[PDB]
S.K.: 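Right, I'll just put the structure down here and ask away after.
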Amino acid sequence: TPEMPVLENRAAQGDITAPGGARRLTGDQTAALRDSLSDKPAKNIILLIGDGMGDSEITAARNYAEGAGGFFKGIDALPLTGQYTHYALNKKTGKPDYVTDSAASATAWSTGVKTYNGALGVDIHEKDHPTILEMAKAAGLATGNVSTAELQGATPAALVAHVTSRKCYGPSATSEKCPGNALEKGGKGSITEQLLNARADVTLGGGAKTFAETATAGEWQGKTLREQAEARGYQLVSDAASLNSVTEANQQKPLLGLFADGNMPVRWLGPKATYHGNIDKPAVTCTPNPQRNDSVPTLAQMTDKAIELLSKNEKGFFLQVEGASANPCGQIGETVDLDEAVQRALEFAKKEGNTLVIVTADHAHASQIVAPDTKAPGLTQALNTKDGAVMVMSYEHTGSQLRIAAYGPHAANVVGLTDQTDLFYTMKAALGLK
Amino acid sequence: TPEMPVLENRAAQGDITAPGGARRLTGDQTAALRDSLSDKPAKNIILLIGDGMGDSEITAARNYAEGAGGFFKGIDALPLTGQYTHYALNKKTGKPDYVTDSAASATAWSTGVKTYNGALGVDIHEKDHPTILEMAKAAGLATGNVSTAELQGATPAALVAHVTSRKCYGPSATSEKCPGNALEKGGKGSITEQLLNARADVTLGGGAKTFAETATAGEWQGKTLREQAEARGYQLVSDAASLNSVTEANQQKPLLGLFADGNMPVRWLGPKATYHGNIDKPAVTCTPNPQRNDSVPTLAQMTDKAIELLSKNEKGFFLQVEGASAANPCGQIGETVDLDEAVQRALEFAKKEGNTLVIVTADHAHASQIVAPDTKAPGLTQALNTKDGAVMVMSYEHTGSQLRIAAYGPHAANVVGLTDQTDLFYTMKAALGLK
């Protein structure tokens, strides 16, 4: 039965200077697309999120790494595409707030309810709403959360924590900034304490710093959150070797991989963009970061490991993978990173035939690709792309709708204009979560 | 009984502060989407181009005019959506120039070949290439060209002119800037002269000022290009009353409507954005432009008259419609609202007819960004009171980002995913069965 093609090749087909040369299509999509459509139940969902990765950021990364007529074998290979909205709510008025932050957006797709800038897992009345991971887990499904940023960061945090502020990282900052959530005040705990209670089968990322914090109440008081994790049965892993030896990870043995104190390392380094840096400075070539290491797993590696462990669950799985860390090279390199994770996800999804893979961003950032002769009011940098031509980028969250792309069962629900909260109901209905 | 659906409503379905209230979907989309897939031939194509309307401009205009949970009934209603690239090429090297201008992007979807910035209907070796309008016309189809900007502007002109510089509006300018296209030098003429030769069945837009120039050579030397068009059998209309009087337009009697000397008047008036304008000035509400007129045909009126006159052709039609007419948030949003009225008209037609492909996209993305109210940005900003009674701040060039392309109809499936601007030429070719 015609089981779902991925976009094969959408690179410029020939000589870009010639008629028909820059075409990305070799024919008519109608029947490929017809076979891309299935409404049958998604057994697994993999959701890949690029921090700030709107259309402008995908274009600049393609231009740099693949060349303008190039194609990301992961990000651009998803057959169903649409645009979605992500406005937040002003807390006092409940009126729309056109420019969201990462917390409210992360909340909108994990719980399906709009909230205010700064909130995680709570609506504007500070009430908690259940996340898609809490719900997958309640249904007996394996669950995993992966990031290259701090695990306390808004996108990973929003699946496991419910606090009135994204800053309530650990006990210290919670007593002070989220009193109603402070464990001492009967609240549910900080983002890191709620993480530990939440017991996702696979959690992997940065942010080991706040795990050194110590509990102020509860049966693990005085112990640090790392000690509590181990005390609760988590198998901790802190490099690529240990992650690779892990054979099983489940509710009896939750894997928790902490690979960086803050954010895990950035793939490429470059100079900072400067005022008139395109006029007054050379075109940049990005340097691979020497200090990324064979000890530190990559986002693609974490993704593949997580898929390996989570797929042993005979009921299905949910997995969120976040690709996060005026530095254009570091920006572009993280989109390359994520593309490799999407690729792996698609590799699994095609083979399995019952996985919805979704790639999108939390919200748009402010860089634009601009004409190389520009006198911007800002920070620019000219870059040497794959094409041997220079691209100037110019430099903060923005409110623009952005791309969401999908492959697999129920992916039709991302085509057209949707809203970020619809993603929760799409995933929930795909997974049959009742 | 099959009919292909348009998205009747993807507004937030309820209370946006409550669970499920901000959903734009009320259920599963699969079945509606397969009912939207058809490879059958398209009899007609209506292509609407939003001048600079990338995803930021669509969102900014929806928030202001419809509210954040709102829905543009034309623009957001097209069920098959994708993203397309639109880079130009460097003329000297043939290497990509990541940020196109209007001329080079207009050449790419009308001719299918990439080119350099400033070029109309010629490739980087200055070779002319048939535009999709010339080929539809060559095949016996009715063709139309409507704009709110000057007819000599990059987007309407790319359909009918082949010149080495977009600035080659009329005799004067072609002689000095495009001397290899100057009519008194054996070239094909200015944009206006080639427009007159291309003899599309309906051409409606602004730009009457250059028709006041006199030709330098040829059969109509010394006559103005307006006297020429009359002498060549064109029916000229210059206001809404006479436009609605036209009964037919075809090759014997072709319609040319010149409603303004330069661009047609802007829908909404508002101040220009300003440095620290979102903190130093109150929020703006856009007001109707007094000069927009009763006498001046709106873009949905022109689109509607064009479809009427063009559907008299037993064989089908091709129609391109351009919404265009200075860091002014209200003119900018007014024109997206304009174009959305035009898209609803095209879509009522297409939905009724059953064999029309409607594509709505932009030539290239512009640079306005929706920012946070309290932003201290280095450009020009302005705060605006939206339909929600909330403030939206806008910040201010062309940019290189890929942008939205959306479609409805037979062959509309070929806009989904990542395509390139020149793929649009081929999707039109193939839909329409050309060549």
Side-chain angles (χ1 to χ4, degrees), chain A residues 7 10 12 16-17 19-20 22-25 28-30 33-34 37 39 55-56 59 63 68 76 79 81-83 85 87 89-90 94-96 98-99 112-114 124 129 366 368-371 377-378 387-389 391 398-403 412-413 415-419 421-422 425, chain B residues 7 10 12 16-17 19-20 22-25 28-30 33-34 37 39 55-56 59 63 68 76 79 81-83 85 87 89 94-96 98-99 112-114 124 129 367 369-372 378-379 388-390 392 398-402 404 413-414 416-420 422-423 426 430:
Chain A
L7 304 185
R10 286 281 169 115
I16 56 165
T17 61
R23 291 171 75 183
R24 298 179 177 281
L25 289 172
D28 168 80
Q29 266 11 252
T30 307
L33 224 51
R34 269 158 176 159
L37 277 4
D39 52 14
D55 290 292
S56 181
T59 306
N63 290 351
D76 296 322
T81 57
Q83 293 69 35
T85 41
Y87 59 95
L89 308 178
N90 169 300
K95 279 181 187 301
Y98 301 111
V99 181
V113 62
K114 292 272 187 186
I124 51 164
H129 277 272
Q368 287 166 327
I369 298 163
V370 293
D387 300 313
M391 174 178 63
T398 57
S400 196
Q401 70 193 21
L402 56 84
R403 181 195 189 242
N413 299 305
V415 181
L417 176 64
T418 60
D419 183 85
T421 56
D422 290 286
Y425 285 94
Chain B
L7 271 12
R10 291 204 173 179
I16 72 178
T17 52
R23 290 168 73 185
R24 299 185 185 268
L25 304 186
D28 189 42
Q29 301 306 289
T30 303
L33 226 76
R34 325 207 252 244
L37 292 177
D39 46 31
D55 293 288
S56 187
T59 310
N63 293 344
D76 302 315
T81 47
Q83 290 70 50
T85 42
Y87 56 98
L89 313 164
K95 277 185 168 183
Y98 301 107
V99 181
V113 76
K114 295 284 178 175
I124 64 164
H129 291 261
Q369 290 178 295
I370 291 161
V371 296
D388 300 311
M392 178 177 70
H398 344 295
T399 61
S401 182
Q402 64 190 24
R404 188 172 94 122
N414 292 286
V416 181
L418 175 74
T419 60
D420 179 81
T422 61
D423 281 284
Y426 291 104

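Every chain is numbered from 1 and lettered A, B, ... according to where its sequence line falls, protein lines coming before strand lines. Values below: all heavy atoms of this structure, side chains included; hydrogens, waters and symmetry mates excluded.
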S.K.: Has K95(B) got a side-chain atom pairing as donor or acceptor with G388(A)'s backbone, closer than 3.5 angstrom?
M.R.: yes

S.K.: Who among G20(B), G94(B), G379(B), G400(B) has the most heavy-atom pairs with chain A under 4.5 Å?
M.R.: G400(B)

S.K.: Pick one of side chain, backbone, both or neither for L417(A), based on which atoms fall under 4.5 Å of a heavy atom in chain B.
M.R.: both

S.K.: Hey, is the main chain of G417(B) close enough, under 3.5 Å, to the side chain of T81(A) for a donor-acceptor pair?
M.R.: yes

S.K.: Output the option from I124(B), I16(B), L89(B) having the highest count of non-hydrogen pairs under 4.5 Å with chain A.
M.R.: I16(B)

S.K.: Nearest 0.5 Å, please: how far is CD in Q402(B) from CG in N63(A)?
M.R.: 9.0 Å

S.K.: Ignoring hydrogens and angles, tell me if any N or O in the side chain of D423(B) forms a donor-acceptor pair with the backbone of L25(A) under 3.5 Å.
M.R.: yes

S.K.: For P19(A), which atoms come within 4.5 Å of any heavy atom of chain B: side chain, backbone, both, or neither?
M.R.: both

S.K.: Taking every heavy-atom pair that is under 4.5 Å apart, which of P377(A), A389(A), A68(A) has the most such pairs with chain B?
M.R.: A68(A)

S.K.: Is a side-chain donor or acceptor of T59(A) paired with a backbone partner of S401(B) at a separation under 3.5 angstrom?
M.R.: no

S.K.: For the candidates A22(B), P79(B), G112(B), which exhibits the highest count of non-hydrogen atom pairs separated by less than 4.5 Å from chain A?
M.R.: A22(B)

S.K.: Under 4.5 Å from any heavy atom of chain B, what part of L37(A) do you find: side chain, backbone, both or neither?
M.R.: both

S.K.: Please name the pair of heavy atoms, one in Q368(A) and one in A367(B), separated by the smallest distance, quoted to 0.1 Å.
M.R.: NE2-O, 2.9 Å

S.K.: Applying side chain to side chain donor-acceptor pair (under 3.5 Å), name anything that partners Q29(A), two or more places apart in sequence or on another chain.
M.R.: none

S.K.: Give, as side chain, backbone, both or neither, the part of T418(A) having an atom under 4.5 angstrom from any heavy atom of chain B.
M.R.: both

S.K.: Please step through side chain to side chain contact (heavy atoms under 4.5 Å, CB included) for the pair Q83(B) and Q83(A), ending with a clear verdict.
M.R.: CA-CA 9 Å; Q83(B) 290 70 50; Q83(A) 293 69 35; 3.2 Å; yes

S.K.: If every non-hydrogen atom of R10(B) is compared with every non-hydrogen atom of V415(A), which pair is closest and at what distance?
M.R.: NH1-O, 3.1 Å

S.K.: Tell me which of these, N90(A), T421(A), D55(A), has more heavy-atom pairs under 4.5 Å with chain B than the rest.
M.R.: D55(A)

S.K.: For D387(A), check side chain to side chain donor-acceptor pair (under 3.5 Å) against everything at least two apart and list the hits.
M.R.: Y98(B)

S.K.: Among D76(A), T30(A), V113(A), single out the residue with the greatest number of heavy-atom pairs under 4.5 Å to chain B.
M.R.: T30(A)

